[PDB]
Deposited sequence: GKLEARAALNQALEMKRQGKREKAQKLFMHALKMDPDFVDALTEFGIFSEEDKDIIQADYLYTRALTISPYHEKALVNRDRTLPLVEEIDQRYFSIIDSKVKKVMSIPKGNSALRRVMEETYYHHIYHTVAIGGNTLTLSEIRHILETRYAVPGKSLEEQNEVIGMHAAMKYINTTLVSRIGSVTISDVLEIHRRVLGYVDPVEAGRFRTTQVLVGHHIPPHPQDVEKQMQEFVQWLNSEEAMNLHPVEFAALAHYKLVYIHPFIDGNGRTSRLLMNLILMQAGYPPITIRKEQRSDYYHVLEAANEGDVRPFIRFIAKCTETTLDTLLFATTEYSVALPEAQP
């Protein structure tokens, strides 16, 4: 197709012109095996092995026998595994630095409470400012010219995090379906008391994702909590357990609304129980965040794990410098 115009562009200069052409041929057919493999080869020239591996991996799901994809993937597979493991060790060192501290840290922890609430509500459509959120939580008084629903999302958030810290963080034992229901009960409660802490009764659509049918949600969730308490899940790197737990919940989509808020909170319960700080996916990241989740639906869960690992690194930085 337009891939031939891309390859000719790569040969003798025109890198930017070639990259745009590759994107066009993939925009028409994102299942175009030869376009994926050629773009993967092109990505390695920019030192982007991670993307190249995804491109080669994506092609081998379409055509599991493509020779050019195969010979390249067989080289990128263990290499990327090593690149990702090294990043998780960088994260582990920054956690050692953060968990080796106090008054300097306390000031950061209070600043980030309103920051976590602002971004978890703003990522789902909420118009309230950090200043408006601070007014609501400190005063208990309403913000003028702003809907009551948007303000009850904030009261719900505060209550859910207060419940996790008080009841769930320091708690010894297995995580149950009821613990998940108690989080949502608070997240959605002040907004929708009828649906809060209750599963979806209807079939819904999340972007291009069609979650399990309401008849299957109970079996899917019982299987989910089993995985949370399974030995293999506890053997995973905490940053991997947290992203997988988040993804898996957001996929099941057990509730009408508040599935992301609950999932981003369950993720933070996981991290914290492993001695990691709570993390925030900023409202500006919605596009990549949605893209990586979409990529995980398509078969590759890795770009989401990396997105979560990057949010954890950026949270660990910020903490380090405000205490350095």
Counting from residue 1 of the deposited sequence, where are the gaps with no C-alpha coordinates?
1-6, 108-110, 334-344
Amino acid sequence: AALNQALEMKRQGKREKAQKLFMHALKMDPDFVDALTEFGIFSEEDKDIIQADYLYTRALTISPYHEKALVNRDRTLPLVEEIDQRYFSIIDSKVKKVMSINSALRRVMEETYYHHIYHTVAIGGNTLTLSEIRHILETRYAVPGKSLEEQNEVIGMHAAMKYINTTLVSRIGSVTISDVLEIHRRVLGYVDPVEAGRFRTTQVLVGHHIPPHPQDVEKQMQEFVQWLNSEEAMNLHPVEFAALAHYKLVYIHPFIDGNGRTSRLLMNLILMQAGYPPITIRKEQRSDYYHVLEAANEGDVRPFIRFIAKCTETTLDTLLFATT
From here on, numbers count along this sequence of modelled residues.
Report the stretch with the higher mean CA temperature factor, choosing between 225-233 and 121-129 on the basis of the entry.
225-233
So 102-110 or 69-77, which one's hotter by mean CA B-factor in the entry?
102-110
Name the residue from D53, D257, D29, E284 with the greatest C-alpha temperature factor listed in the entry.
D29
Among the modelled residues of its chain, does the C-alpha B-factor of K47 lie in the lowest, middle or highest third?
highest
So where's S263 on the chain's Cα temperature factor ranking, which third?
lowest
Binned into thirds over the chain's modelled residues, the C-alpha B-factor of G189 lands in the lowest
CA B-factor ranking of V175, expressed as a third of its chain
highest
Going by the CA temperature factor in the PDB record, which third of the chain does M23 belong to: lowest, middle or highest?
highest
